[PDB]
Structure formats: structure tokens, C-alpha cells
Amino acid sequence: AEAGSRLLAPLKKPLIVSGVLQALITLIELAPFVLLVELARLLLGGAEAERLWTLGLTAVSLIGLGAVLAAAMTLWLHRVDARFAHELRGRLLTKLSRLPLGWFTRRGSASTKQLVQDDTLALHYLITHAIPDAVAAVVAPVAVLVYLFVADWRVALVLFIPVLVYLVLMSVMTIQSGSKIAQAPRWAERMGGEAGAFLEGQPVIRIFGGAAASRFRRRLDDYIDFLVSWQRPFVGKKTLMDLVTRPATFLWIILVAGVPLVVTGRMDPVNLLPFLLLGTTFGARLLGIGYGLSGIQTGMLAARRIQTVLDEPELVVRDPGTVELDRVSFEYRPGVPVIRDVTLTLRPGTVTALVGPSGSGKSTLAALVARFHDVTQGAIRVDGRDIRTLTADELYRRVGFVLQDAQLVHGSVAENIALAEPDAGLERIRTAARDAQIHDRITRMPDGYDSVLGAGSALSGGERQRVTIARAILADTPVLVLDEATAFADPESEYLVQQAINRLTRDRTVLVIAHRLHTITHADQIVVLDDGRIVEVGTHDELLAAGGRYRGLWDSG
Amino acid sequence: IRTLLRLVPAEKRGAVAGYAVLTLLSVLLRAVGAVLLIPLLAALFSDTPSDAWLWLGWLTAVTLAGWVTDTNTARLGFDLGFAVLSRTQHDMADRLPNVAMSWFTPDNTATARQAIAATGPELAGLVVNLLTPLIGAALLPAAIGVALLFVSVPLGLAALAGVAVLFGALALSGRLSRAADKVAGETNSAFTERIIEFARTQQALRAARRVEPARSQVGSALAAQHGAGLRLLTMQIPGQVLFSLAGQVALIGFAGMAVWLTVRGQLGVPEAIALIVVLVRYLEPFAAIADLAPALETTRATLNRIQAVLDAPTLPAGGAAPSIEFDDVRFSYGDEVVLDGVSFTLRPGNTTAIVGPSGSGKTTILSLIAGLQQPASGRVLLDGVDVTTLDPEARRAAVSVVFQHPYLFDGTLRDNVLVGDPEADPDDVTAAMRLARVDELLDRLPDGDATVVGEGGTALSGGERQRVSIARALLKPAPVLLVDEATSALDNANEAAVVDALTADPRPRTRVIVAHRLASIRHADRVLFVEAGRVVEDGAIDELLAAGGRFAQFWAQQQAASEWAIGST
Ligand SMILES: Nc1ncnc2c1ncn2[C@@H]1O[C@H](COP(=O)(O)OP(=O)(O)O)[C@@H](O)[C@H]1O
Ligand SMILES: Nc1ncnc2c1ncn2[C@@H]1O[C@H](COP(=O)(O)OP(=O)(O)O)[C@@H](O)[C@H]1O
Ligand SMILES: [Zn+2]
């Protein structure tokens, strides 16, 4: 992994120390199985109880040493990682304050919580648990293998017969099901989607029923029969694959390989003893390597995702209230335009709206004017300056906006409307709310303007949208951008929201994403977009006389 | 856990018994094979090496019998795994349609998704990859303790007394490991609650040109919390180290006892060494149970989810226009009331409008009429017959509905319409197209109603989806019709289709509508305004308008909004 490696650059030196301390602890936890062989040697030699007590103290001292080393290394690694976690959480904080604002409206990507919380927990477990586990799970089997090879190469190599048989059986079961193995994750995901549809589409099945229930059950039975036909023929392979690694088979083959040697006098009876101590569970050791290494990939993926977030492009700054657009071309994906050669100019103080078929770059164009993104070709010149050359302090003082998904902010209502100018007094906020037609509801709250807002509250969607509108009042700009869907997203508050958004709109170079064709009857300008290209330009009456796309669309409704 | 024995079918009770008996046979055989090391190794290490052959003969016969019974157990395990997979999936598919819609909360829906989808490869191999190792390694230490008891009762007691100690050690290790991981995850999540709050609102802050103070505040909070977060770490120290120390101090204690008896004279050196080897075989099964802790935990979670599916509260059980009746009906998700004191008796052949704000339970009322759920309180009846007490055929064929969502099942347009009545003739289909205004879409489609309208087939907008949804309810011959829609001015064909549907439908049947717009609920004979789940007004449209109540104010405000535009007053 390249990105994951780049994220874990400052932890390489501590993690190398962890990979040695745990490799040491693994040997020390296998040491008493050497001292038992030594004890058997002494008892064959009949050494006096003093040497016996010396070896009994050696073993308990090594056990204490290996139990203290693990505690010390855990304590040290949980403070190596605990400060790298702080560094990462403080670095993502700076990165989040420099991404393009459209990044947080991305699609086909992990959620923010899945990117900052889960991918940090899976990194904490990559460092503190999974790397110790994965170095222990490789030191233990390899140390056991080399020790048993030192004891006797004959019975040591015999341990590989069951391992070779297991690998041969796994390979034979894999090659005969390569297409099935490839299909299985895809069928799992497809059936997950089908189950989701069957669950969210439950009421149709419950009431209308008929073909839908039978179709879902048929797909479920097809998946079940796919699994059964896949794995039923391999039961003959997959049962004998398990017996070969069982400790009883290892014990039997150890004894069949050693007892002839002992009786024939070809190896001392103590050289067989290490295999009995350690080599019995050797099969279950190598099966632990795979689960050990599986714990590194799950966290390396999280490291890759966080580094991908950290590698995103930043909101670059380069170099009369009139919004301009000239040869505006914008691509979401590589070489996939949605806006193509849009040239437009809005006079100061004019309420402008743009229309078109749903999914034609209208909201994308409005956001681009608001600078949620930067156009690939062309330039949007507000007051003669390209937006790309203005800082977040300057541009967003000249171009405010209230799009959909209005966001509340921590603090009370007084310090939720006055984010632009926190020095503003409560009276200014109150008159702003009165202009926004939200002062009536705020006074009805038990705490008035002192009610604490944040992630959630008792306010509905329309009410918090009105609060954001009131905030936009204080963030005075000669320009504004809007989405008409906000004007009627809340039917109960639709009238008050309309009055508020109109009051905000007054005497400002307002751009609106218009959907209802009847709402642009007396706007100052109208434009039509098709496949990212301009088709019609003019006022309401001019386009009515044109008889083109807009007239056909409005005659349909 | 008793769930796993509940999942197995009644057919395979002849395989459950033949699996348990052969598992006990394999456990006793493994214990005997471990205990047979005592005379075998005693002859091996003594001054008569050749004597060990006979006990090697018994050991190899024991091993081959273990091979045969283990093959039988694993074959029956795979077969019973497929059988219980099929039983579990089919019982889930036969349960969920009968599960009340109240059970389908977002978290319950997610668990049901995982149970139906994610539990495929597991239940095919639970009893063979988990129960066989777990049961064969949990009963082997005690079995060896029993077997050594027949060699020396004090020796068997010494072996068996440690089994309880080491199982307690495994329980302690598991507790102190998983609790430590829980605490670690909780601390990691709590630290990052600030960054979520920042990231969600960072567009709003940017619009307020106040990003830098918020970033500095969150960074200062992170630094302050990490200052205390890098101290006082104790919990995970006795984690895996605890068991790794228990399963080594036990080995040293037992070996030291064996050599203490050796010097005391009760045992010889070969017996002491063979007992050391056997008392090591006594300890190896505890490692296997430790390695099965993650798999056992995951399987326990999945079996808990499957038991959640298999324990959801099912709905009990017991062609002119009917009458739908409501008597003090209430419904609530948790303690949040959705319906409060709703009562009506709509006469057959009537048309009624249920209206109000989104906080009410209009769609809840329609779903209760349709029999999607048992009401929390009150009684919902079809001419005095409670909906839950109908035969399934009558319940499914009683009501036709148009949902808030379209719920298109990704089929063809003809398939999307014919679910209302697959047995109907093409003339009824044509009537449905005429009334629902989908014929305008037939003008666009290449193949017409046979064209695929799936998510990847055709990118239909909201208007087409709602029109075909209207056609679905129109086609069905159900004696009762209901409509709940979210029609808007985005596509004006929607309201025209609804107006044609609820008016020109020639069949006689009770009709209900739920909508927000004006100038379309006129055709409803009655009106039932609802506020916070309680009916507040009743009567006709014009009657309520003349009465000057809540409906009149709603009409006035929505009329003012509808006439409004952008650019001037
Ligand atoms: N990541 C993206 N997000 C949004 N739209 C995208 C993306 N990539 C490509 N597009 C295209 O750009 C168009 C923008 O549609 P838009 O007018 O914004 O819809 P809406 O008016 O509902 O916001 C879409 O029709 C879509 O095909
Ligand atoms: N806790 C909840 N979880 C999911 N859905 C809910 C919950 N509470 C209410 N609802 C939804 O609200 C609906 C009833 O309110 P209704 O007045 O129909 O809203 P709307 O006007 O948006 O249709 C129900 O159909 C139900 O789906
Ligand atoms: Zn930890």
C-alpha cells in the first residue's frame, strides 16, 4: 500500500520496535516448553533437587519476564499510538477547512463518519492490536518450526505432510470453483440489494402482493441453491481437509514417525519430547497466520482512505455587483461535461432565474457561481474579478448563498444568526428574524433566543432553513445564490419562507435555481439550459413570444 | 445458546442425535488417545523401548476410529448446515411478510438486511467450523481428567480441578479483552465527536467567514482532551497476557507436582515424563477455545440478529363497496404519538379526504385501513370485521393503495402496472394508462408498456413514477381504494393523472385521498382534518371553507403561496 504507507510514515520507528518486542515475548512464552525438555533430561539423568529447583526458578522467572514485557509493551504502544491519533485528528481538522465545499456533497463515497471515525478506530487497531498480533502469529509458528527442526529434522519435516495435504486440498477446491469464487461476492452484494428492495418495498408486497413476493423468494432460493451447488460437491474435500490439521492426526503421525526411531535406537527418547510438547498444535498455528495477516489489511484500507481524503485538491487562490459568466465549462468526472460553454451576464440588482429539464447542470451552475467548485474552462467574474482570485473572507462577503440542506450551528439562536458578525447585538438579530418571519416562532420557544441549537433540536426543516436565511441577512452581499426548492420544501412554512427569501432577495444580484415555471413570470431575466448548453435567453415575455423550449414546457403545465 | 438448536428442522432430528452421539464418541476417543500416552511413553522412556509397540497399536486403532467418526461428524455437519441454512432463510422469508410494519425500524431494518443477506456463508458452515471445534475442545480437558481418574483418583482430581480454573481463566481473559476494546473504541469515538460537528457545518461556517475560529476551537479541544488521554492506562494489561500466563503457570504447577511426586517416590521417571506430556495435551484445548473467541463472537451476533428476525411480532390471523370503521384508534412509534382519538365510519361508495400537517398520521391511517399493521389502540374494521381477523386472501384482496413512494420493483412498465391485477385483460390496462396519463410516456417509450423501466433500464422522473403508481391502484379490483401522494408542480401530469384517476374510475368502491395541494381534493365527498394525530375538523371541503376553521386558513395561505412568484411582490 502506497497511500497507507505514506500515512503511517511517522510511526515506522515505533512500530519496528513493537515488531521486535512482541517477537521477543512470543519466544519467551514458548520458552517453558524448552525447559520441560530440559527437566526431562535432568530426570533421566536423576539430578538432585537443587538443580531441579534451579530450573524451576528459571522457568517461573522467564514466565514473569514474558508477562511483564507484554504489559510494558502494551502500555508503551498505547501511548505511541495515542499521540499519533491526536496528530491525525488535528491534521484532518486542518484539511477539512481547505477542501472544496462540494466535496462534502460528494456521491459514491464513504460518509464523513465512516472516513474520520471508523477509519481511525481501524487504524488504532492496526497499530496497537493487529501489528502485535500479526508479528506474534508469524514469530510463534516460525520459532516453533525452527526449534522442532533443531530437535530432530526427521520428525520435524514429517509435520509438513499434513500441511502439504491441506494446501493441496485448498488449491484443488479453489481451481474447481474459480468462476464460483469470483461470482460469490457479486451475488452476495446483489442479494443484499435485493433484500433491501424487498424490505423498503414491503408495503407493495403486503397489499398488492402476487408477483413481488414470489420474485423475491425465487431470488433468495436461487442464491441458496447457488451456495448449495457450490459447496455441496466439495464436502468430500472440505471434511478431509479439516481432519488433516486436527491435533489428533498430528499426534498420531508424530508418534508413528518417532516411536520406530526410539525403539530402533535411532534418536534419543528426549529429542521426540519437543514435538509432543509443541508440534501437536502446529497445524492450528499455521491456520492462525491467515487470520493474523487479515487484521493488517482491514486497517491498511482505512489508512488508504484517510490518506485519500488528505490528498484531495484544495480551494486554491490565484493572483459593480455584476455577475458574469464566459465560456463556463465544468466536468464532474474526467472528461464528462455537464455544463458546456455557458456564457451569461447578470446586471446588478436583478433577480435572475435559470430553468431547464431536471438534471441539466442548473444547480451545478448555481453552486459554481457560489464557488462550491472551480470551472475547468472559462471564468465567473463578480465585480470584474475572477472568483478564483478571492479568499474565503472576501468572496463569501461578496457572494452569499442559501442552498438546500440548511445547517444549524452550535450555540443559541442569537449566536446562530450572527455568525457573520458575532459583535451584532440582540436587537439586530431580532429585527433580522422579523425580516425572516421567524421571530414569531423563536419567541414561542421556552428559552426564547437562548434555546441551544446544534446537531438536532425541536425546530423543523423549514424553521432551520428560515434561521439560515436570517443568517444570510446579516452576511450582507451584493450577490446571492438560491435554490427555489427551498422556497416550498416545507408546505406549512412555505408562505413565511417565501416572504423571508423575497425580503432577503431585495436589492441584491440574486441567482435562483428555478423549477416551477410559473415563478419566473416577472423575474428580471430567464435562461434555459440543455445538456449544459444555452438554448433560450430572454425575459418572460420574450420567451413566451419565442415559442421554443420554455413555451412548450410551460404549456405542458 | 438455545437458538442454534431451534434453527435446525424437525426433519434432521435424526441427524442432531447422530451428530451429538458421534461428537461425544470423538471427544472420548481423543481423551483416550491422549491418556494412552501414559503407558506408551512409560514404555518409551523406560528400559524396555520395544514394549511401547502394543500401545502404539492401540493408539493407531484409536486414531483410525477417530478418523471415521470425525468424517461422519463433519459430513453430517455440512449436511445439517445446508439444511439449517435453507430452513432459516425460508422461515425468514415466510415470517417477514407477516411481520407488522411497526417492527421495521431503521435499525431493525438494517439487522433484517444483514440477516437475509450477510448470513449466507455463515449458516452453511456454523455447525462444522464453529460447533465441532468448540464442542470437541471444551469437553476434552474434562474427558482426560475423567480418564486419568481411572489411573489414579488423586491424579484425575488434580487434572480435573484445573479445568474449572482454566475455564474461569478463559472467561476472565475474554471479559478483560473485550471490555478493554470497548473502552478503546468509546474513547476514540468520543474524541472525534468534535470533528463530525465541524465537518457537517463547515459550509455554513464558510458562508459566515468564520472557519478559522471554529478550527482553532476544535483543535484546542483536541489538544486539551489528548493531554489527559495520554495517562492512566491500566485495563488491557491483564488481557491476552492473563490467559498466556494462566496457561503457563498451570503447566509449571502440574509439572512441578509430577516431579514432586517423583522425588517423593509415588511415581517413576517415565511415568512423570508421560504425565507431563499428557498434562500438556490437557492444556492445548484451551488454546483452541481462545482462538475461537472472535468467530464465536461474530456467530453469536449473527445468531442474535437471526433470532431478532425469527422473534418479530407477527400479525395474528382469524365484492361491493365495504365500510371502513375507526373507533378510538391510536398508534405510536415508541412514546411519540402518531394517532390520538381518531374515530370514523365511512359509508360504502363515499370519497373522503384525510388532510393535515406532516406531524399527523394520515399515511398511518391509510396503512391501518389497508391492514399493514395492528393498531396500537382502538379497532379498525371492514363492515364490523377486524382487518387482522381476515383470511390472508381476503386481507390482500380487500384494499388498493397508492403509496407516498412509488415503490417500483424495477420491472417493465407493463409489469409495473399489472401487479395491481395480473389476471386482468389488456382493456383494463388501457383504461389504467388513459386515466393515469402514462400514455404520454407510452408516446415516448420505444416498445411502449413492454419497455424496461428499471433503475438501469429507464431513468423515469417523479411524475412518471407516481403516474404508474396511480395506475397500479386503479387496475386492482380491490373493494377499497386509498391514495396518498406527494404531487408537486414539477410535472403537471401528476395532478391531472390523480384527478382523472379518482374521478373516472368506473368501478364502485370506497375511495380515500391524502394530498397537500388545493383544487384537487374537491372531488372527495367528506373531509377529515387531523392535527397531531387527532381529528380536529370534519365535513365537506366547501362546508369547512364556509365554517372558517383551520382548513379555511390553510386554503388561504396555500392560495397566497400558489399565486406567488419571483421578481416582485
Ligand atoms: N457527482 C455528481 N453530482 C451531481 N451531478 C452529477 C455528478 N456527476 C455527474 N452529474 C450530472 O450533472 C447533472 C446535474 O444535475 P442538477 O441539475 O444538479 O440536478 P438537480 O437540479 O436535481 O440538482 C446530473 O444530471 C448528473 O447527470
Ligand atoms: N418513528 C418513525 N419511523 C419511521 N417513520 C415514521 C416514524 N414516525 C412517523 N413516521 C412516518 O410518518 C407517516 C405518518 O405521517 P404523515 O402525516 O403521513 O406524514 P407525511 O405528511 O409526510 O406523509 C407514516 O407513514 C410513517 O411512515
Ligand atoms: Zn487497545
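Per the PDB record, this model was obtained through cryo-EM at a reported resolution of 3.35 Å.

**Observations regarding the UniProt feature "transmembrane region" in chain B**
Residues and elements named next belong to chain B. If you check UniProt for "transmembrane region", the listed places come out as residues 25-45, 48-68, 126-146, 147-167, 241-261 and 272-292 in our numbering. Split by type, residues 48-68 is 81% helix and 0% strand. Its first and last C-alpha atoms lie 32 Å apart. Taken as a whole, residues 241-261 contains 100% helix and 0% strand, while its terminal C-alpha atoms sit 30 Å from one another.

**Re the pattern of salt bridges**
Scanning the entire structure with this criterion turns up 47 salt bridges over all chains. For B:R509, the salt bridge is made with B:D505, and the minimal N-O distance between the two is 2.6 Å. Of the two residues examined, B:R509 and B:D505, each falls in the buried class. Within the structure, one salt-bridge network assembled from shared partners comprises A:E324, A:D326, A:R327, A:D341 and A:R381.

**Considerations on the domain arrangement of chain B**
Residues and elements named next belong to chain B. For chain B, the assigned domains read domain 1 (12-308) and domain 2 (324-563). With centres defined by C-alpha atoms, the gap from domain 1 to domain 2 works out at 55 Å. If you look at the interface, domain 1 gives 4 residues, while domain 2 gives 4 residues. For the pairing of domain 1 and domain 2, the buried interface totals around 340 Å² over both sides, and the portion due to carbon and sulfur atoms is 57%. The largest contributions to the domain 1 side of the interface with domain 2 come from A100, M101 and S102, which together make up 77% of the buried area. For the pair domain 1 and domain 2, the number of links is 0 salt bridges. Counting across the domain 1 and domain 2 interface gives 1 residue pair in polar contact. Of the residues belonging to the side of domain 1 that touches domain 2, the class tally is 3 nonpolar, 1 polar and no charged.

**Notes on the domain arrangement of chain A**
The figure often quoted for interface size is the accessible area lost as the parts come together. Along its sequence, chain A is carved into domain 1 (2-152 + 286-310), domain 2 (182-231) and domain 3 (323-555). Spacing between the C-alpha centres of domain 1 of chain A and domain 2 of chain A amounts to 41 Å.

**Quick look at the coordination of the zinc ion (ligand 3)**
Protein coordination at the zinc ion (ligand 3): the donors are A:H78 (NE2), A:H129 (NE2) and B:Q236 (OE1), at 2.3 to 2.4 Å from the metal. Of this pair, A:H78 sits in helix α4 (residues 49-96) while A:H129 sits in helix α6 (residues 118-151), placing them 51 residues apart in sequence. For A:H129, a relative accessible area of 14% translates into the label buried.

Calculation criteria
Residues numbered from 1 in each chain as written, not as in the entry; some residues may be left out. Chains lettered and ligands numbered in written order. Heavy atoms only, no water. UniProt positions renumbered as here; feature names shortened; annotations may be inferred. Helix = DSSP H or I, 4+ residues; strand = E, 2+ residues; numbered from the N terminus. Salt bridge = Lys/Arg side-chain N within 4 Å of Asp/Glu carboxyl O. Buried < 20%, exposed > 50% of the residue type's maximum accessible area, 1.4 Å probe, protein only. Domains from an automatic or database assignment. Contact = heavy atoms within 4.5 Å. Buried area = accessible area lost by both parts, 1.4 Å probe. Polar contact = N/O pair within 3.5 Å; in protein donor to acceptor, adjacent residues only side chain to side chain. Nonpolar A, V, L, I, M, F, W, Y, C, P; charged D, E, K, R; others polar. Donors = N, O, S within 2.8 Å, 3.2 Å for Na, K, Ca; no water.

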